[PDB]
Amino acid sequence: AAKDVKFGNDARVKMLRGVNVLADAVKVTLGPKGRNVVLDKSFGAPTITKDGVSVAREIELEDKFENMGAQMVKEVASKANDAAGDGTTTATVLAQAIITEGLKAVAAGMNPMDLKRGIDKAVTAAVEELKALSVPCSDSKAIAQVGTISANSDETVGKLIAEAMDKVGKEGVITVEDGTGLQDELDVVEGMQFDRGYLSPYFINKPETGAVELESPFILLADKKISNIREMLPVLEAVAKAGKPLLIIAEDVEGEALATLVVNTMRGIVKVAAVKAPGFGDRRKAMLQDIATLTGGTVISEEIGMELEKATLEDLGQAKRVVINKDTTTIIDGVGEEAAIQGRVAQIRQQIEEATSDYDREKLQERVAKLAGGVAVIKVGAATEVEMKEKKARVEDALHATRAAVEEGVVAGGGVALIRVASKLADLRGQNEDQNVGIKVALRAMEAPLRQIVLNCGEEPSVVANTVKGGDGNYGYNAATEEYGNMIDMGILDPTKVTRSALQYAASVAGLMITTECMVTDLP
Amino acid sequence: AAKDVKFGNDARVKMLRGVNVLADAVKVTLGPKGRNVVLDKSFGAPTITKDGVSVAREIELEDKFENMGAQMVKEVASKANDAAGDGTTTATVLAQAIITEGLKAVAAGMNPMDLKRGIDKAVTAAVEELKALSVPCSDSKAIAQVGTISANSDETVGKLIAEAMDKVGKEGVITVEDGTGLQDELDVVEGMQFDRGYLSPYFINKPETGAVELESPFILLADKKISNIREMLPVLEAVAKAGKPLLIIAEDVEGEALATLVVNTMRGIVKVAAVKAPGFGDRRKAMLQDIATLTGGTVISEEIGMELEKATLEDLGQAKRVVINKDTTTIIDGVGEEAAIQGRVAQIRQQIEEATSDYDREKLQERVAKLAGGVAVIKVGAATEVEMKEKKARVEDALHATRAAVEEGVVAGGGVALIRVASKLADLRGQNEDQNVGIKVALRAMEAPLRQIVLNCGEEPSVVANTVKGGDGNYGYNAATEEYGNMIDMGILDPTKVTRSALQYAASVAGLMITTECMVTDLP
Amino acid sequence: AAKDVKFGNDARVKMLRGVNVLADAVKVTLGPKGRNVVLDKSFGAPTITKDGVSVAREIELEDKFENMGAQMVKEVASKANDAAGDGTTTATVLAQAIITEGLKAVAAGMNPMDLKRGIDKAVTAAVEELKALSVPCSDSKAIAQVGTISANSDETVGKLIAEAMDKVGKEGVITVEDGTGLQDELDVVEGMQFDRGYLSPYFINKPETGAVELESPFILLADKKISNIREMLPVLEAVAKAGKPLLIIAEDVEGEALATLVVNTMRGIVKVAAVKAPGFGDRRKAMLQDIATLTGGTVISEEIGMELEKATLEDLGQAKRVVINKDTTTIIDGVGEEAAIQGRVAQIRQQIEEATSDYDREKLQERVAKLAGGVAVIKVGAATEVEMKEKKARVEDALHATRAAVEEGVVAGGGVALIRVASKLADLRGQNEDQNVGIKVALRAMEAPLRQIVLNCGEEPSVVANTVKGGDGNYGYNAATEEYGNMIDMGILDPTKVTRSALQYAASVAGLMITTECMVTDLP
Amino acid sequence: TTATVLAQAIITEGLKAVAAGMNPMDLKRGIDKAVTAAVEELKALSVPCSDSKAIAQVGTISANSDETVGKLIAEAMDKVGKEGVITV
Ligand SMILES: Nc1ncnc2c1ncn2[C@@H]1O[C@H](COP(=O)(O)OP(=O)(O)O)[C@@H](O)[C@H]1O
Ligand SMILES: [Mg+2]
């Protein structure tokens with residue numbers, strides 16, 4: 001592997017060229033009145049979308065190094081969506097702005113480490129301004145209000161989201177299911193959600209979601225890392241005759257067993273998926289058991305002397321639904337007996353009695369919440385299947401926004417909040433002159449999302465930015481209606497958390513690029 | 001896969017070039033005296049046709065992006081035909097006209113978003129003028145009149161179309177079968193049509209039609225998604241022994257079973273086709289049953305406890321004919337007994353009495369119509385197979401025109417209707433100056449189909465258009481006879497619905513391209 | 001699948017260039033003294049022939065578009081031969097003549113649509129003149145006279161042809177068989193000929209003929225489309241054991257069974273062929289049965305409940321000979337008992353009494369003729385096999401000429417008739433000036449076959465044409481003898497039908513090219 | 001500019017006739033004969049221009065419809081007379 005290596009400006013300029021291509025294409029779709037982009041499939045007609053996230057995913061550059069820059073931004077921007085649910089397009093816009101002006105500063109002979117430090121300082125100061133700016137969203141009115149707005153003026157969608165949170169609680173678990181009929185159903189049923197992803201991207205049966213949905217699947221509980229194919233066979237065949245999907249929970253699965261299942265699921269005999277068990281060490285023992293009680297399943301432990309081959313359907317637990325995304329696994333309506341599950345809760349509540357550690361009482365309390373809290377599930381009813389799934393997508397988008405809105409409140413969505421904060425900290429300075437430059441770059445970059453939106457609309461960015469600066473608080477310009485006033489009242493807003501994370505991620509990658517003196521890649 | 005990205009003028013110019021190639025070729029065949037096009041097949045001699053749709057299917061460009069523009073137009077133009085039945089070429093002609101003048105306008109420095117908005121207003125305004133212009137077709141005389149015209153001046157074809165509608169109804173189900181003999185037969189037999197397409201395009205045994213015809217096939221009714229090949233094997237083998245085709249209805253079929261059935265059907269031992277069940281969720285449960293009663297078959301449900309493997313011929317319903325197109329499935333002359341079918345209808349009629357809600361009452365009423373209304377069929381008789389088969393194609397073409405004529409009436413078909421409407425709203429203005437320009441582009445573009453018709457004929461486009469402008473209503477020039485008068489009375493007309501659909505689709509794609517800043521494709 | 005597309009002159013010029021090479025090479029062999037062409041074989045030495053058909057068949061061009069022009073002419077020219085038996089070369093000559101001037105006319109700026117119309121009018125008028133010019137062939141002396149002249153001045157060939165027609169009838173079925181002995185045998189035996197060709201070109205065991213000859217084959221009669229390999233297996237081996245060819249008559253055969261049979265016959269275990277059954281719908285029910293009675297076989301009907309697997313040799317009819325060409329199938333000397341066949345005729349004669357409709361009477365009558373009339377056959381005898389096979393080819397060529405001569409009479413064959421007709425209607429004019437030009441183009445083109453004949457000979461085309469123009473009726477120049485007089489009396493003539501068919505086909509393709517504005521082909 | 005246009009139309013149509021298998025020299029004679037007759041027609045059609053406004057109108061039309069030009073020119077010709085010399 002012969003390496004091509006670039007240093008300083010040759011390296012950084014190449015990244016700049018790469019990032020600009022990615023950002024220039026994606027940014028046009030940011031505003032309510034965005035400009036559509038055309039992507040092309042290998043066999044068939046071209047594809048047009050105003051979705052920045054779809055455009056960004058597809059982008060790759062021939063020139064190594066330039067490609068690297070785009071990928072670096074895509075990685076961080078994708079993360080903002082992962083931790084916020086929106087702002088992926090906004091993060092990229094901000095990243096471009098911070099990077100371009102800051103990058104020029106290093107090329108001008110100014111010190112890069114200080115510029116990063118200055119930018120970070122501006123970012124840290126900026127985040128507090130958003131927090132002061134931020135309007136809380138804790139009550140029923142705000143929960144429904146943000147949910148309906150996100151849902152594109154659909155009051156009913158917001159109403160169920162509020163009801164769900166109201167019932168299970170803000171931190172509770174809410175899931176979305178296809179509607180059995182026209183009426184919308186909100187129900188609380190035994191179930192559990194935990195942090196853990198799928199072992200392979202190949203397992204996914206729902207490409208747009210990036211998640212795996214299974215119908216009334218059997219559930220396998222295991223106490224060891226799976227190092228071999230052979231253990232699965234007697235149970236694997238048994239589920240195959242049943243004609244239903246199989247779900248596996250264990251410490252880890254090795255490639256010899258994992259790879260065959262991946263190949264087996266993809267154009268194969270039985271389509272199954274497996275995930276890692278929640279917790280570690282001593283905790284997984286209790287954690288796995290809670291799931292067993294919930295699904296009415298049997299736990300299999302190597303330590304006990306029980307092996308996977310020695311297992312049957314009776315050992316396996318069941319649930320009506322299970323959905324697995326990139327890092328989260330959740331189950332709906334386990335078949336475990338109510339007496340068993342309620343009884344299990346009593347045992348855990350009793351356990352909480354020692355209160356030996358803040359950690360142990362907290363940890364036990366969390367287990368209670370996962371097992372006894374239950375899972376709130378919403379069915380979406382509609383006149384037609386197309387409307388039903390489409391509405392369902394809208395509900396899920398609103399739900400992510402509602403959770404982000406709840407956690408940190410909300411800010412004006414027209415990119416107004418960045419504008420408002422940028423004008424607010426004109427005063428902040430750094431010890432080194434180079435640091436001051438980093439600060440200006442960061443604040444100047446903040447303005448860009450507003451201008452981009454206005455630019456997309458075909459309106460003058462400078463005129464609108466100037467007027468917005470004049471006004472204060474949540475006051476701003478609504479690009480969609482061509483009006484000025486309180487953006488939140490209008491319905492144009494973004495969760496505080498998403499604006500914060502987009503901005504922070506943009507700064508993290510920008511500083512990271514600024515301090516890079518070398519790039520290594522394979523030759524063309 | 002490194003991406004080549006085009007944006008701004010570079011992106012738009014390539015789309016323009018791509019659309020012009022597609023439109024220039026296809027437009028020549030639009031007129032009654034349209035010029036022919038030569039397509040060269042990879043095997044044997046070249047093929048000459050005056051059919052624009054055939055030419056459109058063949059058009060692909062070497063230059064990526066430019067190719068995309070053509071494909072984008074083809075997709076939308078095909079859709080107009082799909083929702084209408086004719087005017088695929090007309091839509092393409094209009095698309096070219098709107099795109100070229102509007103695209104020049106964006107290049108000039110005008111705002112694209114406003115131009116789209118202006119065009120949309122003009123398009124929307126044009127549709128009401130078209131509605132007023134339109135001559136209604138509700139009477140037997142009108143039904144026959146449009147039917148015979150479409151059928152290339154064959155009165156007998158028109159007479160049957162009117163008779164069919166007169167029995168089952170305007171919204172009823174009409175099907176065409178090869179004639180058993182010389183005499184034309186119109187019959188009403190038990191049968192059902194529903195809006196569900198075929199999972200695999202490979203299933204089609206009739207390449208010109210794009211539909212699947214089966215003779216006295218067995219019918220499988222299932223209540224689950226099919227993910228495994230093996231369930232099908234005992235029933236599958238049983239039908240093969242029979243020596244005749246098998247039809248499958250269920251939630252959906254996965255690639256594991258679908259791919260093998262597709263391969264099994266093409267150059268394989270048993271050739272069968274499958275479609276999705278009508279309705280959704282709770283609703284499908286009753287509808288699948290309706291089909292079962294109609295064909296004398298047995299419904300199979302997972303919930304009940306019966307599996308596909310545990311099934312036999314006695315469990316399968318039968319019909320003399322079934323035909324499946326790209327998005328519709330219909331069955332003819334099911335073997336279900338009259339006592340069962342009529343009784344089933346009574347059960348549904350009884351259900352209607354509850355009247356809890358309009359949605360459920362109506363929904364039940366729709367079920368009654370499908371199950372009890374019956375399916376009218378047409379057999380076409382001739383002394384020679386060539387005449388018989390050719391006549392059948394003509395009947396079907398006339399039928400689509402008659403349905404479109406019925407639903408929205410008819411308009412002069414010489415391109416005259418676009419001319420008449422364009423002249424009528426010469427005072428329409430937008431807000432922004434750019435919006436006004438979009439309006440002029442849209443109305444000006446309307447003229448092109450007339451001019452194209454006359455141009456193909458080798459006659460003066462401007463002089464004929466000038467005289468046509470002078471006249472009022474349905475007055476215009478008949479390209480076929482080189483005469484002026486009422487176009488509808490001359491036997492030249494298009495359904496109101498096809499003219500509208502062509503115009504609307506052309507505007508949708510044109511505006512869509514105008515608003516697109518960036519295009520993405522793979523490198524050469 | 002990128003496409004290269006040409007419009008107007010760029011498209012038309014390529015067709016012109018393509019047609020000219022096809023026509024320039026083929027035209028040299030048209031005269032009795034025609035020049036020879038050298039075709040190179042992939043294996044072995046080069047081949048020289050004066051046969052225009054072999055030359056034309058072989059020609060293909062590198063330049064896409066130019067190739068299309070040649071192929072377009074070849075298809076059309078081949079069709080003239082298909083519907084006339086001769087004039088394949090003459091059609092191409094006429095096509096070149098009309099195409100070259102017509103293309104210049106469009107190039108000159110005159111309207112193509114009108115030019116086509118003018119040419120067609122000239123064609124229609126010229127055909128009418130040809131009909132008046134033509135000397136009818138009705139009586140035995142004319143029948144024998146044309147047969148002997150076609151047969152290269154052999155009286156015996158002519159004598160048998162006249163006798164055959166005089167026996168079974170002008171419209172009856174006459175076949176040619178290898179002579180069992182030295183003497184010529186003309187016999188009338190039970191047999192049937194119907195319109196229907198072979199399903200696969202691969203089946204042909206006689207490549208010069210393009211027909212399939214089978215000796216005393218077993219005959220399978222079936223009433224369903226055959227889509228499966230399996231039904232033939234029990235019957236197929238039984239014929240293999242026999243060591244004789246098998247013939248199949250049914251609705252159709254699908255690629256599943258057809259493709260395997262094609263491979264099986266070609267370089268495989270059993271060599272057999274299958275054709276489509278005559279008639280359609282209930283008509284075929286009667287048509288298949290007549291054949292069964294004729295061969296002593298048993299018809300197998302799905303509706304009866306009988307299956308191909310359930311069939312044996314006893315259910316198969318037999319005939320001493322069967323020959324299948326591109327669209328004609330005939331059987332000779334079927335086994336079927338005379339009492340059965342003759343009795344079957346009695347049932348049909350009885351059926352005629354119903355007289356429900358003119359169509360039914362005629363259709364029943366046709367069945368009588370096919371069965372009761374019998375098939376007249378000719379055994380060609382000679383001392384040596386080389387003389388015998390050669391003589392047989394000559395008989396077949398004479399037979400086609402005799403059928404054409406019978407249907408429309410005969411005309412001078414030196415291309416004199418085109419000369420005579422072209423001079424006769426110098427009067428004809430069109431409403432549009434462009435049409436008048438088209439008329440001259442068509443008339444002028446007519447002269448070329450005469451000139452080509454003289455040109456090939458080595459004599460002045462203009463001097464001979466000039467003298468011929470001066471004369472009247474069938475008077476003209478005989479290229480073979482270099483003399484002037486009545487061409488028909490001199491032994492040189494063409495059937496009226498071949499002259500007409502060549503001329504009309506040339507006109508059809510020429511006009512078709514003239515109105516073409518676009519050509520599509522794959523890149524080099 | 002007007003003369004050039006006539007050459008354009010005559011030539012294109014004339015060549016087209018030549019293409020149509022016609023002797024060009026005869027076509028030239030036809031053209032020349034038609035032209036001679038056309039010239040005679042113009043002499044009969046011509047209306048005398050003697051008043052100042054008519055002179056102004058030709059000046060205005062010649063000067064790409066500039067009214068001021070026609071106005072100023074008419075004044076000059078009237079003043080200097082028939083044989084007067086006017087320059088710019
Ligand atoms: N407003 C007008 N309307 C109609 N014809 C006009 C108008 N103005 C000028 N013309 C005519 O067109 C001709 C060409 O104008 P011009 O540019 O002066 O060409 P020349 O340079 O005269 O070929 C004039 O001689 C006149 O007959
Ligand atoms: Mg001038």
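Structure shown above.
Below: a short report on this structure.

So, on to the overall build of chain D. What chain D contains, in helices and strands, is 4 helices and 0 strands. Listed by position from the N terminus, the elements making up chain D come as α-α-α-α. Over its C-alpha atoms chain D spans a radius of gyration of 20 Å, topping by over 25% the 12 Å that the globule rule assigns to 88 residues. With respect to the three principal axes, the spread of C-alpha positions in chain D is 60 × 25 × 20 Å. Of the accessible surface of chain D, which amounts to about 7600 Å², a share of 62% is contributed by carbon and sulfur atoms. The distance from the centre of the 9 positive side-chain charges to the centre of the 11 negative ones in chain D is 4 Å.

On to the side chain of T175(B). Residue and element names in this part refer to chain B. Take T175: it is sitting in strand β4 (residues 173-178). The buried category is assigned to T175, whose relative accessible area is 6%. When neighbours within four sequence positions are excluded, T175 is seen to be in contact with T330, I332, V375, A376, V377 and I378.

This paragraph deals with the site of ligand 1. All names here are of chain D. As a matter of local geometry, ligand 1 sits amid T1, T2, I61, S62 and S65. The contact in question runs from an oxygen atom of ligand 1 to an N or O atom on the backbone of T1, over 3.3 Å. Between an oxygen atom of ligand 1 and a side-chain N or O atom of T2, the distance comes to 2.8 Å. Burial of ligand 1 by the surrounding chains reaches 31%, relative to a free accessible area of 560 Å². Here the residues of the shell around ligand 1 sort into 1 nonpolar, 4 polar and no charged.

Take the interface of chain A and chain B next. You'll often see interface size given as the accessible area lost when the parts meet. Counting from both sides, the interface comprises 34 residues of chain A and, opposite them, 32 residues of chain B. For the pair chain A and chain B, the summed buried surface comes to about 2900 Å²; carbon and sulfur atoms form 54% of the total. When residues of chain A are sorted by the area they lose upon contact with chain B, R35(A), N36(A) and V38(A) head the list and together hold 19% of the total. Our enumeration of links across chain A and chain B arrives at 2 salt bridges. Linking chain A to chain B there are 14 residue pairs in polar contact. If you list the elements that add at least two residues to the side of chain A that touches chain B, you get α1 (9-27), β2 (37-40) and β3 (46-49) of chain A. At 4 residues, β2(A) tops the list of elements feeding residues into the side of chain A that touches chain B. Broken down by class, the residue content of the side of chain A that touches chain B amounts to 18 nonpolar, 7 polar and 9 charged.

What follows deals with the packing of helix α6 (residues 140-150) of chain C against helix α7 (residues 155-167) of chain C. Residues and elements named next belong to chain C. Viewed as axis vectors pointing N to C, α6 and α7 meet at an angle of 140°, and their least axial separation amounts to 7 Å. Overall, the two elements α6 and α7 adopt an arrangement that is oblique. Seen along the crossing, α6 lies across α7 with a hand that is right-handed. Taking contact as the criterion, the partners of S140, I143, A144, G147 and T148 in α6 are, on α7, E155, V157, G158, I161, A162, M165 and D166.

So, on to the interface of chain C and chain B. Facing 33 residues of chain C, the contacting portion of chain B comprises 34 residues. Between chain C and chain B, a total of about 3000 Å² is buried, with carbon and sulfur atoms accounting for 56% of that surface. Close ionic contact of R35(B) with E517(C) constitutes a salt bridge, the shortest N to O distance being 2.9 Å. Counting across the interface, chain C meets chain B through 15 residue pairs in polar contact. Of all elements in the fold, only β1 (3-7), α3 (66-84), α5 (112-133), α10 (282-295), α12 (358-372) and β19 (516-522) of chain C reach the threshold of two or more residues within the side of chain C that touches chain B. Here the side of chain C that touches chain B takes 6 residues from β19(C), the largest share from any one element. Classifying every residue of the side of chain C that touches chain B gives 14 nonpolar, 7 polar and 12 charged.

Let's shift gears to the environment of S227(C). Residue and element names in this part refer to chain C. With respect to the helices and strands, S227 occurs in the loop between β8 (218-222) and α8 (233-242). Here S227 falls in the partly exposed class, since its relative accessible area comes to 25%. Expressed as a C-alpha distance, the spacing of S227 and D252, which sit 25 residues apart in the sequence, is 8.3 Å. Setting aside anything within four residues of it in sequence, one finds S227 in contact with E254, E256 and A257.

With that out of the way, let us pick up the arrangement of the chains. Regarding chain A and chain C, the two do not touch, and the least distance separating their C-alpha atoms is 11 Å. You won't find any contact between chain B and chain D; their C-alpha atoms come no closer than 18 Å.

The rules behind these values
Residues numbered from 1 in each chain as written, not as in the entry; some residues may be left out. Chains lettered and ligands numbered in written order. Part of a larger assembly, values for the part shown. Heavy atoms only, no water. Helix = DSSP H or I, 4+ residues; strand = E, 2+ residues; numbered from the N terminus. Rg over C-alpha atoms; globule rule 2.2 N^0.38 Å. Areas by Shrake-Rupley, 256 points an atom, 1.4 Å probe, with all protein chains shown as cover. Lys, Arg positive; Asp, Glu negative; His and termini not counted. Charge placed at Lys NZ, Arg CZ, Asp CG, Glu CD. Buried < 20%, exposed > 50% of the residue type's maximum accessible area, 1.4 Å probe, protein only. Contact = heavy atoms within 4.5 Å. Near = heavy atom within 4 Å. Polar contact = N/O pair within 3.5 Å; in protein donor to acceptor, adjacent residues only side chain to side chain. Nonpolar A, V, L, I, M, F, W, Y, C, P; charged D, E, K, R; others polar. Buried area = accessible area lost by both parts, 1.4 Å probe. Salt bridge = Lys/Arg side-chain N within 4 Å of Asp/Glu carboxyl O. Axes fitted to C-alpha atoms, helices over the stretch in contact; angles between N-to-C directions. Parallel < 35°, antiparallel > 145°, perpendicular 65-115°, else oblique. Left-handed = near helix turned anticlockwise from the far one by under 90°.

Fair warning: the whole summary comes from geometry, so function is off the table for now.
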